[PDB]
Amino acid sequence: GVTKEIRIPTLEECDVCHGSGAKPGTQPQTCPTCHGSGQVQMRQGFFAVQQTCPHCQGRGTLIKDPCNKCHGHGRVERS
Ligand SMILES: [Zn+2]
Ligand SMILES: [Zn+2]
């Protein structure tokens, strides 16, 4: 019983979305804003420094299509 019902919480990557968050096969959409590099270049003329892209929370990837299994998060508690 307890042998199968392994009631000892642990996190697992959603293998189905390969731990990302986008539906299987349907990979996360490369954030164009930061050219998939996770950082936007604040090209205010000379001072062309960068900022973390908020749109994709610096991950450079947009969960356009959320992996239902993990509600687009990308990882879940073993269950
Ligand atoms: Zn998933
Ligand atoms: Zn981005």
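Counting neighbours? That spans all protein chains shown, and the Cβs are built from the backbone with ideal geometry, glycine included. Laboratory data are not the source of any read-out in this text; all were calculated from the coordinates shown.
Think of each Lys and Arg Cβ as +1 and each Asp and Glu Cβ as -1; about the Cα centre, that makes the dipole of the chain roughly 100 debye.
Annotation: amide H of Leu62 within the under-5 Å range of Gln29, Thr30, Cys31, sequence separation 5 or more or interchain, hydrogens built in the peptide plane. By the scheme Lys and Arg +1, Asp and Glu -1, what is the net charge of all other residues having a beta-carbon under 11 Å from that of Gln27? Here the count lands on +1. Here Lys23 is the anchor, and the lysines within straight C-alpha reach of less than 24 Å, apart from those fewer than 8 places off in the same chain, are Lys64, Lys69. Ranked from largest, the principal axis spans of the Cα set of the chain equal 66, 24, 14 Å. Using the Karplus curve 6.51 cos²θ - 1.76 cosθ + 1.60 with θ = phi - 60°, work out ³J(HN,Hα) for each residue of region 10-16 in order, rounded to whole Hz, and write x for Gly and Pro. Working through the residues one at a time gives 7, 8, 9, 6, 6, 2, 3 Hz. Using C-alpha pairs under 8 Å with a sequence gap of at least 6, the mean separation divided by the residue count of the chain gives a relative contact order of 39 percent.
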